[PDB]
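S.K.: So that we are looking at the same thing, I have put the structure below in structure tokens.
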Amino acid sequence: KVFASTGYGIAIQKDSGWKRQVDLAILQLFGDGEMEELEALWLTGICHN
Amino acid sequence: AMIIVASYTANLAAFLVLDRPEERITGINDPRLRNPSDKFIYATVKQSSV
């Protein structure tokens, strides 16, 4: 149990128009679950369970 | 004294069979294989179908 609810986010300053493109592209990427497979490639440990 | 000998027998049987730490690899889908350390010779033979 952690003491914050924070989130990493990609930053482009003032993001003229491209903010609308990139955020729907992120929701597209979350809409397919390949992000979960990328966690299986990168963000999986052995000694927790 | 009955508390002592009962607790001693529970510590005996518990230390006899509690667990075993295990670092056995799973297979192809294990991250210490797919993203190997410098200590990891996971090599094989030459000129094989592998």
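Residue numbering restarts at 1 for every chain of the structure tokens, chains are lettered A, B, ... in their displayed order, and ligands are numbered from 1 as they appear.
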For chain A, work out the contacting residues on chain B at 10 Å, counting only C-alpha atoms, and write them as a list in words.
M.R.: residues 22, 23, 24, 25, 26, 29, 30, 31, 32, 34 and 35 of chain B
S.K.: Take CA of residue 37 in chain A and CA of residue 15 in chain A and report the distance between them in Å, one decimal.
M.R.: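 The value is 28.9 Å.
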S.K.: From a DSSP pass on the backbone, collect the residues of chain A flagged as alpha helix (DSSP H) and hand them back as a list in words.
M.R.: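 The residues of chain A classed as alpha helix (DSSP H) are residues 18, 19, 20, 21, 22, 23, 24, 25, 26, 27, 28, 29, 30, 34, 35, 36, 37, 38, 39, 40, 41 and 42 of chain A.
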S.K.: What does the structure give for the distance between CA of residue 30 in chain A and CA of residue 3 in chain A, in Å to one decimal?
M.R.: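 So the answer is 25.1 Å.
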S.K.: Can you tell me which residues surround residue 9 in chain A at a distance of at most 12 Å, considering only C-alpha atoms, apart from same-chain residues fewer than 4 positions away, and format the answer as a ChimeraX atom specification?
M.R.: /A:19,22-23,26
S.K.: Measure the distance from CA of residue 5 in chain A to CA of residue 18 in chain A in Å and round it to one decimal.
M.R.: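 So the answer is 26.3 Å.
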